[PDB]
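Chains as they are written, first to last, in the deposited numbering: chain A, 1 to 274; chain P, 1 to 9; chain B, 2 to 99.
Have a look at the structure below, then the notes.
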Ligand SMILES: *[C@@H]1O[C@H](CO[C@@H]2O[C@@H](C)[C@@H](O)[C@@H](O)[C@@H]2O)[C@@H](O[C@@H]2O[C@H](CO)[C@@H](O)[C@H](O)[C@H]2NC(C)=O)[C@H](O)[C@H]1NC(C)=O
């Protein structure tokens, strides 16, 4: 299937407490593979997945130098935005960026993107065309104009279509045993009493990879999506994922409800019941 | 391989 | 400002005496400043690993704390979180029967 290479950047000012906190976290698909954190003893880019042991020392040295430069550019940004928004130097503020590319199963580019937020709200974003920007407010309009005069979109586009794609392909090759595997979900159902002769049935899916999955409950051959409660799919600490979905049913009628689990590692979807 | 050179806002 | 959702769960269904992994997934929060501590019988667990820091489409933050552990019939575990959206720290216990 398709794959993605993403970099999540966060810079957070802390007036009275020194320099902003700066972090970069890189992902291939939904697996963390590299990270930089300014609050580390000796901040450096580090591997977060075993397969990254395949890069030599020069890789780490370059990524580290880049991160240090980025840290300084975001420090400048935090100051600049105080000016654009006419805010005080006493408050903490946050800049976030997500940059990435996605390829299909054949390795060809599907899409690229870069989006910025300030204090949790959209700031500026590269358009789907990889040629122009869209600005959320008049501050971002200042940025758009700067970036247009400097030709930044062209350089970013070259990164997104080029470098980003080539390195993603390389990671998929190097980390194939991890990234291209399939771990099938194991499922089970738990049962919990409630007042008013009702019961909560919870369908668990455990130990799966990749993260995409669908869990539904059915009655009378219909999905009950409207009445379910669930959690967002979540990492389980070892590179696999888990999820649950529950429904509340009448007591004594549990046998009429079935949980269904659909996943890449399930040629036929699982069907379970309490 | 990370973006380098995030242009200033 | 968004208040964190706090989820505590094990990697494997808990079996007394069998090694496992305990997770505290803290999500949908903003601003990013936060303190997350995993506790065993009320005492901080040392060397908890922080990982999987990301943000969603609405820019809220997500992060995982996790640690290896072997459950026993007596030990209790929780995750305590301090964030500006909450007046008091929030302590969420692991529910092994969920
Ligand atoms: C994953 O791919 C490897 C082959 O390529 C390499 O191994 C990776 C770890 C990474 O370092 C890449 O850059 C390398 O190019 C597969 O291993 C081979 O496949 C066949 C069949 O088993 C075997 O005959 C070859 O000798 C293997 N080649 C090497 C160098 O070991 C491996 O099967 C893939 N893993 C999975 C589980 O899909």
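The beta carbon of each residue, even a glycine, is placed where N, CA and C say it ideally should be.
task: Report the residues of the segment 69 to 96 of chain B with a CB closer than 9 angstroms to any CB of chain A, ordered along the chain.
output: 69
task: Go through the segment 155 to 180 of chain A residue by residue and report every complete run of the alpha helix (DSSP H) that reaches 4 residues or more, in order.
output: 164 to 174, 176 to 179
- request: Run down chain P in chain order and give the residues with a C-beta less than 8 angstroms from the C-beta of residue 150/A.
  value: 7
task: Can you give me, in chain order, the residues of the segment 63 to 88 of chain A that have a beta carbon less than 7 angstroms from any beta carbon in chain B?
output: So the list is empty, because no residue satisfies the distance condition.
- request: Thinking residue 29/B and residue 2/B are a contact (beta carbons under 8 angstroms), I'd like their distance in whole angstroms, please.
  value: That pair is no contact at about 11 angstroms.
- request: Compare the C-alpha of residue 233/A against each of 219/A, 211/A, 253/A, 246/A and name the closest.
  value: 211/A
Through-space distance from residue 80/A to residue 31/B, alpha-carbon basis: 22 angstroms
Host beta strand (DSSP E) of residue 82/A (start-end): Premise fails: residue 82/A lies in the alpha helix (DSSP H), 57 to 85, not in any beta strand (DSSP E).
task: Could you tell me how far apart the beta carbons of residue 219/A and residue 256/A are, in whole angstroms, since I believe they sit closer than 8 angstroms?
output: 6 angstroms
query: Thinking C-alpha only, which one of 70/B, 90/B, 84/B is nearest residue 12/B?
result: 70/B
- request: For my contact list, residue 4/A and residue 151/A are in at a C-beta cut-off of 8 angstroms; report their separation, rounded to the angstrom.
  value: Actually they are not in contact, since the Cβ atoms of residue 4/A and residue 151/A sit about 26 angstroms apart, beyond 8 angstroms.
message: Tell me which residue opens and which closes the alpha helix (DSSP H) that residue 145/A is part of.
response: 138 to 150
task: Below 8 angstroms on the Cβ atoms is my guess for residue 201/A versus residue 191/A; work out the distance and round it to an integer in Å.
output: 6 angstroms
Residue 24/B, buried or exposed, once every other Cβ within 10 Å from all chains shown has been counted against 16: Residue 24/B comes out buried.
- prompt: With respect to the beta strand (DSSP E) encompassing residue 207/A, which residues constitute its N-terminal and C-terminal limits?
  reply: Here the beta strand (DSSP E) through residue 207/A covers 198 to 208.
query: Excluding five sequence neighbours on each side, which residues of the same chain lie with their C-beta closer than 8 angstroms to the C-beta of residue 31/A?
result: Cβ-Cβ distances below 8 angstroms link residue 31/A to 49, 178, 179, 239 in the same chain, with the five nearest sequence neighbours on each side left out; the list follows chain order.
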